[PDB]
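Here's the structure, in structure tokens; my notes come after.
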Amino acid sequence: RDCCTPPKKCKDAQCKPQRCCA
């Protein structure tokens, strides 16, 4: 799983600093 791959993830911390979240 990833922060931008389906299911994307932008709620955690290590995933916030990601162009696919901020």
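Letters A, B, ... go to the chains of the structure tokens in the order shown; residues in each chain start at 1; ligands are counted from 1 in the same order.
Look at residue A:20: the protein and nucleic acid residues within 7 Å of it, using only C-alpha atoms and passing over chain neighbours fewer than 2 places away, are residues 4, 18 and 22 of chain A.
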Convert the current residue selection to file output with N, CA, C and O atoms, as a PDB file, in the first residue's frame.
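File again_18.pdb, as written:
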```pdb
ATOM      1  N   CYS A   4      -0.238   7.347  -2.210  1.00  0.00           N
ATOM      2  CA  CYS A   4      -0.909   7.862  -3.442  1.00  0.00           C
ATOM      3  C   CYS A   4      -1.411   6.734  -4.331  1.00  0.00           C
ATOM      4  O   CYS A   4      -2.060   6.990  -5.325  1.00  0.00           O
ATOM      5  N   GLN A  18       3.444  14.768   0.899  1.00  0.00           N
ATOM      6  CA  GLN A  18       3.470  14.120  -0.432  1.00  0.00           C
ATOM      7  C   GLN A  18       2.585  14.888  -1.406  1.00  0.00           C
ATOM      8  O   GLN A  18       1.406  15.059  -1.170  1.00  0.00           O
ATOM      9  N   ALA A  22      -0.687  17.008   0.211  1.00  0.00           N
ATOM     10  CA  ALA A  22      -0.670  18.453   0.561  1.00  0.00           C
ATOM     11  C   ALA A  22      -1.143  19.301  -0.616  1.00  0.00           C
ATOM     12  O   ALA A  22      -0.924  18.978  -1.767  1.00  0.00           O
TER      13      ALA A  22
END
```
Practice problem: Excluding residue A:2 and any residue of its chain fewer than 6 positions from it, enumerate the residues within 9 Å of it, using only C-alpha atoms, and give them as a list in words. | Solution: residues 8, 9 and 15 of chain A
